[PDB]
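Asker: Give the three-dimensional model of this entry:
(8 chains)
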Amino acid sequence: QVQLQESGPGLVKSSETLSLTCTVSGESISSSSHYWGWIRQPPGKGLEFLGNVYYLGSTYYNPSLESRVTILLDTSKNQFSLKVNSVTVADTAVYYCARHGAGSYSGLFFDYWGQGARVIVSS
Amino acid sequence: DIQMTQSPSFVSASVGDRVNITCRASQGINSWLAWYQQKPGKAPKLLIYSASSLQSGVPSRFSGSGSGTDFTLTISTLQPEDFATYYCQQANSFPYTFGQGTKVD
Amino acid sequence: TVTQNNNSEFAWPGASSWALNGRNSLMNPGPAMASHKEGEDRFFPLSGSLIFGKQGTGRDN
Amino acid sequence: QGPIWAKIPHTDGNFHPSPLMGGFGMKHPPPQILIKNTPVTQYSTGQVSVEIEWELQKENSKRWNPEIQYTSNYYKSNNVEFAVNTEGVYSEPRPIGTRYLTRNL
Amino acid sequence: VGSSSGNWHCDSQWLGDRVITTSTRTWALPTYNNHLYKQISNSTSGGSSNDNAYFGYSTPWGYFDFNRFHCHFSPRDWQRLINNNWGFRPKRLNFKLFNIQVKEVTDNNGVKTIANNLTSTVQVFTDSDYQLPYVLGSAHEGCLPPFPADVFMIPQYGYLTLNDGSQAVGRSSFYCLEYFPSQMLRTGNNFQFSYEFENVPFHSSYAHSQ
Amino acid sequence: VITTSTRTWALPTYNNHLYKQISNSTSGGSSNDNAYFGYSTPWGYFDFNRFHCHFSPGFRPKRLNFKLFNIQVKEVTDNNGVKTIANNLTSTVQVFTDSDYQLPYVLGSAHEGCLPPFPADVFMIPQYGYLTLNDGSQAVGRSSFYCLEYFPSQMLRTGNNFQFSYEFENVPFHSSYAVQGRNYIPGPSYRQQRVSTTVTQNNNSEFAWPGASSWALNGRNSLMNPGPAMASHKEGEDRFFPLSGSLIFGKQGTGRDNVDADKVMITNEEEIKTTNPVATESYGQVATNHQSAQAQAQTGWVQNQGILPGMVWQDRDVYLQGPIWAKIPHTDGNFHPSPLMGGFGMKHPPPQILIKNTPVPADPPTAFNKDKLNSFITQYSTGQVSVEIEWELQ
Amino acid sequence: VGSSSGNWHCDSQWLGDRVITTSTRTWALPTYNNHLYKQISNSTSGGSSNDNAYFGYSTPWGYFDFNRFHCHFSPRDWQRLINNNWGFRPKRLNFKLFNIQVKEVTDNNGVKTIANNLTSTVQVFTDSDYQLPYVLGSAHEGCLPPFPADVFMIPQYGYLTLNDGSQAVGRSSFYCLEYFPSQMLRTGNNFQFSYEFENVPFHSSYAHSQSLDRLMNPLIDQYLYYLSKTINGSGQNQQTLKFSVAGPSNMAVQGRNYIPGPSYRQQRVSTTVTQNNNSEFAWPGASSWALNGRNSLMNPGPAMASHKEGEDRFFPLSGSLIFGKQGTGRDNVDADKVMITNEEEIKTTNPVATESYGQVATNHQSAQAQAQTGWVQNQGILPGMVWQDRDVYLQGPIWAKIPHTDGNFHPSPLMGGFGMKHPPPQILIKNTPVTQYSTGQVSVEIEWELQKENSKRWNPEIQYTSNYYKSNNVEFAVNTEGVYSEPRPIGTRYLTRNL
Amino acid sequence: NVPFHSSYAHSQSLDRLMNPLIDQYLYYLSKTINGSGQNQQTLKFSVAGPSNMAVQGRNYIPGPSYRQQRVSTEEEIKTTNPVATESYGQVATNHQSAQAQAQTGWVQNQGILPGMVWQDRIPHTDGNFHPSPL
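Answerer: Residues are numbered from 1 along each chain as shown, chains lettered A, B, ... in the order given. Now the structure:
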């Protein structure tokens, strides 16, 4: 079983970088061979993919977000961190951590999900 | 990007009655889909992966067969335990996109 | 990622292979070459990498 | 997990005999060792001890900042890496390269 | 019969510029092909394609294969190599085989019977003149186990020769291994030989910084 | 003084010839302090660490000698109800000693499984396992896995024997004897709760876990037992004993759980009382403030007192059933390494001796299968053990 | 003049069990106090507190400090040291001072002009009888700089003595360094001496793979008994004494041989700010010791683990060596400008610094009196305690001078390193009085001993690795401006040993 | 052979062993709040330096102490030895948090700790510490 916890600030000043981290318990990122990815849920709206990071460090970003997001993979502490730059009022929602893969559908469908992390961008 | 539109936006259907939620991809996704279920405030949880293959955790009642431009999630014998929004996901081409949501009652 | 791949069977038809006495031979592992360009790690060369397996891994598919 | 040596096929010529799956190409590798049970339903068992003496080349480099070294993680996993589970099953989780220290080109 | 024909050595001694690694395992040897040389070809297994065509033989002889690294190095030992060293290469190989125990089975009804067979012999020899095919280069399974406490099974020896489809040709070569002088061990004998590796260039275990 | 002991042992086949991870979760639930992580091994070991092994009903060890001979191996075939036992004359038995102390040293915790006191008894060799770093029931990456097969060992058929010698490092000779200004003061105290065997006096509540003096390490409460050497009871009152203060042995035949007070033998410290405090009593009083005309002088009780210059104390008395030596943990520093359960603390104690029955594989499948063979002959062995320890009397 | 008095040596040779680390830097020595021995006291700054009172003299002499590790060890050598070895210690010390240069500065209107002075001398002497106060052991600034290309400035030498407030007492000692014989150097002369460290125990670099309470065999019950139940069941007159066998089922109650090391509790502060109350508790709530009417903060104190397993955020208030990042201001810098060092390794044998030592019984039980226990906030040494000393860091100090007294316990200094009664002697220096300053080359060479790693551990160790992920500038290397920087503190304990 | 009985008074206090002129590379916690108000928590670190000599980290601590009562009607050793009539030190007890303020108890008596140094002023047993009589 894979438990996913997010942590970081819950309030960030506008145009200050946002940083969350997801510490995965129950697997080992280095030897699991699965993709790990983020999505975001602006309030009362549909979830939008942010990007994922393959266990060797390769990374895909969502072009909608314009080169703000950066997904760092810290493999030794078994956690990976989302960083989005120049935050705005619009970029506030609950950020979910997820394991992007399974045997057949690796890097496709999100089977195991974080508990969720509220982030409110404000001045 | 590829749009996703779930046809019923709000479907009020009570207990025991069969419900079907349909979401059509903007362009052919070659039967790559992922229906999700979000109870309010908690993170969503996967239900059906690929086109019709059920997840291990989910109850037999959920089902759906896509033809690749058309997809339906049929909740059969709806129990009170699940009144939640339902999202669909494309796996076909980056970026992955979750259309709207279908709130059921 | 399974979906970045072409929707066809190119496992033997599209692979690199050296031919000997009218018998085709797959090029495994091949000459010594980097597996991927820096910064992209999802991809791997078709036969170009020693592929071990984790314990309990079945013998087929 | 990979091989150590492989025999160079005895031929007219070769170019850089070092074998393609790795290791040390040799024209007189360690000889095969054949064994059988002399016919007399029969099987035999015993011990085998094999000893190879390896020679090293030390790292002399003047690089100022620290090297990238191979390490073992510290994140409270259910079972330690390169060890046994509760069934006594020794599992090698990931393959280990030989190349960590750095040299100039 | 009543005295140990060898000892148990597993360890690694890190001495100066040299490393001495010794691995000991416990093996089992069954009888293959009912003590017969048996011809094998794809026509037996269905012979689907011309690419997969092979013509060869299967012999009752088994063989020892230590050809993979994890036989010699414990994970920690290996770590002490890749971390601290710019190269390595083998020098000497010293092989020992001993404590042979021959068992016999007479199956009666459900329960089979197993007891010591004292006068039985176990033949073992090496090909140091390289007259036989060399099958140790293709990375086959059946090597010594990675983990010392694992008891393993000696692989069966087989080889292939020239062919056109499943048929043979005049130049195909058939080797009878009985034709080789070989030592014969009873339950008190042991087997040992040493080997001096030919000169090979150091394997590189460093990454260029440029 | 030179004593020799000789016994006969029976060593079965443990863990099906497997190394199995053992954890807190496997045998327990909750129990934060209790949870542990470790491995169990097929290997057995010889524990002679208890006195009555060498002694029939100031001193200190000098030399040691150990012998293992008359190795008898028995292969067990079982057909339906009855089981057949036949000699297997080709079988082997592996034994090594750890003289570099590279493996965990488990002899010091006063475990059962010792050589029995009575020379005619035949004992079963206790299994060997060890505990390593843990977090809850899980295992941090700093943990260690030791594979005992990876130590060079000596294999013994029925004609071989195994002997070695050992030399005890120099330890203190054990002592076996009992308002003016003064030059010296009584020793240290870390107080214990006081219990009396007559249940009418003690409190009618479940104070057994809570009452005891504990020390916390990494957020795990581990009860203090027996604790610093201290006299168990005040002069004339022998009915009272500290809750975790002194060693408690079971009588012959004593059950494992919830035995009464008369089934167990409570040791008493009454001999040392001259130089040491009573384990239930405060070390003394101290002024808690400044006296004045406006405030009286207050005194307060000293529950725990460390070392002060001028203390003297006696160690805890070894018993005929008690342990002899205990390994000193390897650390930057320690004060007065003498173990708290009595005996001679030694940075290089007598080496552990690990022994197993070399597994004999059953019939292989006859077609090649790369899986490790788990199918073995039911087997066990027996033999002799003679251990000889020179001693020196004062 | 035209003949160089030495060369430049800066390399470490790895030979067997010994290391030879040579360090050569360039220095600039000004003239302090205009060639005057002057008195100083708190009243100069006002001495707002009694605890801050000091009375002492400040001398023109400067003194060399190699007392921090990163002088000698490049961050690579330090890696090769902390990964492969279980302990080390200094053996020899070999010091040279040479290529002296004397430059005079005579200010004329706008520009100051700097020219050679050939006839001038530089007075140097080392106190090998240790008759001066010893200032090298307090972890003061001014040590040789970590990176070899830097140029550094010799710190001024001054000392303190007995005081009541700012006033002196009849016992206060005034040492005039001019009273010692010294050597005098012109541009062609050079200065060298060699030292031999007194015997010190190895510094143990490793973290135990067993916790002090897990030493047991997990499969076997002890033959000792403990008291399991004090009552059978609910009711009057229901007391009982029931004993059980100590075993794996209830593990923590077994009898044990040894007990964790001493503790003197520290307050705990959270890296996360919102987890702390809105009060100033830095000084008031800090564990401190009192001497002759002055309160001295306890820093760092005994060696105690910083936090319980799993908690990175909490750190003991005064009990963890804190280092500055490159370019950090002096006063009231925010919490991410400094580097905090956590004692993760010592938890196995040492208590958590923010937690109690344990409990003890505060009274006698009876039918009328319940068993009452209370916490232990501090525990002196009791016989049998084992403990780990405090770790040494790349940035941290090497040695100290044991105070000269009748007795001490475990002289190993509380900030880490090797306590000695005869450390490397101070090296004092000044310009000879005739505005003048001198420069030269310092070269220090220490020979180290190494304890090699024998472990049989099957699975791979934890090692100190440099992360591969790309970034704007390499760790432990200069940036586009040229300012050398050390990213994070490095501990010496990455290996393991059985407890 | 017993050691030379030291017969002198130290000229320095155990806490004044420092160099008065030079900063330390060590830091100490200084401000835990931005100022008066609500929700003001912050962490501020400042260099331990000659201006504040109370908080500088030191290698050794004063010797053992067991408090005697003071009476009003060995002053050489008071340099490194705590005053017999005073509390040897202050030890923080409970952990602070948004609910609870830090509390600090007084240590009346403190046994040996590693790093203590002290000045002076055999029963035959298994053990003793610093046997010098009183």
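
Asker: got a list of what the residue lying closest to residue A:26 once chain neighbours are set aside touches?
Answerer: Nearest residue to residue A:26, sequence neighbours excluded (Cβ to Cβ, 6 or more residues apart in numbering or on different chains): residue A:2, at 4.2 Å. To be clear about C-beta, it is placed using only N, CA and C from the backbone, and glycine gets the same treatment. Taking Cβ atoms under 8 Å, 6 or more residues apart in numbering or on different chains, we find residue A:2 in contact with A:24-27, A:99, A:112.

Asker: beta partners of the nearest residue to residue A:6 once chain neighbours are set aside?
Answerer: Nearest residue to residue A:6, sequence neighbours excluded (Cβ to Cβ, 6+ apart): residue A:117, at 3.6 Å. For residue A:117, the beta-bridge partners are residue A:95 (DSSP bridges).

Asker: Just confirm residue A:117 contacts residue A:4, I think it does.
Answerer: No: assessed by Cβ atoms under 8 Å, residue A:117 is found out of contact with residue A:4, at 10.3 Å.

Asker: Now list whatever residues contact both of these two.
Answerer: Joint contacts of residue A:117 and residue A:4 (Cβ under 8 Å, 6+ apart) are residue A:97.

Asker: contacting residues for the most centrally placed residue in chain A?
Answerer: The centroid of chain A falls nearest to residue A:38 when counting by Cα atoms, centre = their mean (2.9 Å). Contact analysis of residue A:38 by Cβ under 8 Å, 6+ apart lists A:22, A:49-52, A:69, A:71, A:82, A:95-98.

Asker: hey, where'd the strands end up in chain B?
Answerer: Ranges of strands in chain B, per DSSP state E, are B:4-6, B:10-11, B:19-25, B:34-38, B:45-49, B:53-54, B:62-63, B:72-75, B:85-87, B:102-104.

Asker: Check the gap between the residue most central in space within chain B and residue B:65 for me.
Answerer: Central residue of chain B (Cα atoms, centre = their mean): residue B:35, 3.5 Å from the mean position. Distance, residue B:35 to residue B:65, using Cβ to Cβ, to the nearest Å: 12 Å.

Asker: Contact residues of chain A facing chain C?
Answerer: Applying Cβ under 8 Å from any Cβ of the partner chain, we find that chain A lies next to chain C at A:35, A:54, A:56-58, A:60, A:104-108.

Asker: Repeat the analysis, applying 10 Å as the threshold.
Answerer: Contact residues, chain A versus chain C (Cβ under 10 Å from any Cβ of the partner chain): A:31, A:33, A:35, A:52-60, A:100-101, A:104-108.

Asker: in stretch B:26-37, what's buried?
Answerer: In terms of neighbour count (16 or more other Cβ atoms under 10 Å in any protein chain shown), stretch B:26-37 has its buried residues at B:29-37.

Asker: likewise stretch A:103-122?
Answerer: Neighbour counts over stretch A:103-122 (16+ other Cβ under 10 Å) mark A:105-114, A:116-117, A:119, A:121 as buried.

Asker: Which of the residues you listed lies at the shortest distance from chain C?
Answerer: Chain C lies nearest to residue A:107 out of those, by Cβ to the nearest Cβ, at 4.1 Å.

Asker: show me what contacts the closest one?
Answerer: Residues near residue A:107 by Cβ atoms under 10 Å, 6 or more residues apart in numbering or on different chains: A:34-37, A:52, A:54, A:60, A:99-101, B:91, B:96, C:1-4, C:42.

Asker: Selection in ChimeraX covering whichever of the residues you listed are buried, please.
Answerer: To isolate the buried ones among those in ChimeraX, judged by 16+ other Cβ under 10 Å, type:
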select /A:34,35,36,37,52,54,60,99,100,101 /B:91,96 /C:1,3,42
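
Asker: want to throw the buried residues of stretch B:26-37 into TSV with distance to chain F?
Answerer: TSV is the format used below for these (distance: Cβ to the nearest Cβ, whole Å):
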residue	distance to chain F
B:29	41
B:30	39
B:31	38
B:32	36
B:33	37
B:34	31
B:35	34
B:36	31
B:37	31
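
Asker: Just give me the residue right at the centre of chain C.
Answerer: Of all residues in chain C, the one closest to the mean position by Cα atoms, centre = their mean is residue C:46, 2.1 Å from it.

Asker: any idea where the helices of chain A begin and end?
Answerer: A:29-32 (DSSP state H).

Asker: At the contact with chain G, which residues of it appear?
Answerer: Residues of chain A lying near chain G (Cβ under 10 Å from any Cβ): A:7, A:9-11, A:57, A:72-77.

Asker: Likewise for chain C?
Answerer: Proximity of chain C to chain G, by Cβ under 10 Å from any Cβ, involves residues C:38-39.

Asker: which residue does chain C bring closest to chain H?
Answerer: For chain C, Cβ to the nearest Cβ, closest residue to chain H: residue C:39, 37.6 Å.

Asker: Give me the neighbour count for that residue.
Answerer: By the criterion of other Cβ atoms under 10 Å in any protein chain shown, residue C:39 has 9 neighbours.

Asker: what sits against it?
Answerer: Contacts of residue C:39 by Cβ under 10 Å, 6+ apart are A:57-59, G:470.

Asker: what's the most distant pair in those residues?
Answerer: Of all pairs drawn from these, the one with the longest distance (Cβ to Cβ) is A:58 and G:470, at 12.3 Å.

Asker: now the strands for the chain?
Answerer: Assuming you mean chain A. A:3-7, A:11-13, A:18-25, A:36-41, A:48-53, A:59-61, A:70-74, A:79-84, A:93-99, A:112-113, A:117-122.

Asker: not quite, I wanted chain C
Answerer: Counting by DSSP E, chain C has these strands, from start to end: C:17-20, C:23-26.

Asker: got TSV for the ones you listed, with distance to chain B too?
Answerer: As requested, the strands of chain C are exported to TSV (distance: least, Cβ to the nearest Cβ, whole Å):
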stretch	distance to chain B
strand C:17-20	29
strand C:23-26	28
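
Asker: Need the winner for burial among those.
Answerer: Stretch with highest mean neighbour count among those: strand C:23-26 (a mean of 13; mean count of other Cβ atoms under 10 Å in any protein chain shown).

Asker: Let me know whether it sits next to chain E.
Answerer: Yes: looking at strand C:23-26 against chain E by Cβ under 10 Å from any Cβ, the contacts come from C:23-26.

Asker: of the residues you listed, closest to chain A?
Answerer: Sorting those by how near they are to chain A, with Cβ to the nearest Cβ, puts residue C:26 at the top with 23.5 Å.

Asker: Now do the contacts for residue 12.
Answerer: This is for chain A. A:18-19, A:84, A:87, A:91-92, A:119-122.

Asker: Can you look at chain C instead?
Answerer: C:24, C:26, C:46, E:51.

Asker: and which of the residues you listed is nearest residue B:52?
Answerer: Nearest to residue B:52 among those: residue C:46, at 30.0 Å, using Cβ to Cβ.

Asker: ok, that closest one to chain B distance?
Answerer: Relative to chain B, residue C:46 is positioned 22 Å away (Cβ to the nearest Cβ, to the nearest Å).

Asker: cool, and residue A:98?
Answerer: From residue A:98 over to chain B the distance is 8 Å, taken as Cβ to the nearest Cβ.

Asker: So for that residue, what's the nearest residue that isn't a sequence neighbour?
Answerer: Leaving aside its chain neighbours, residue A:98 sits nearest to residue A:110 (3.8 Å; criterion: Cβ to Cβ, 6+ apart).

Asker: swap in residue B:62?
Answerer: Per Cβ to Cβ, 6+ apart, closest to residue B:62 is residue B:47, 5.2 Å.

Asker: Quick check: that neighbour touching residue B:60?
Answerer: No: applying Cβ atoms under 10 Å as the test, residue B:47 and residue B:60 come out as separate, 11.6 Å apart.

Asker: So for those two, which sits in the more crowded spot?
Answerer: Just comparing residue B:47 and residue B:60: by other Cβ under 10 Å the higher neighbour count belongs to residue B:47, 24 against 8.

Asker: show me the contacts for that one.
Answerer: A:109, B:34-37, B:54-55, B:57-59, B:62-64, B:73, B:75, B:82, B:86-88.
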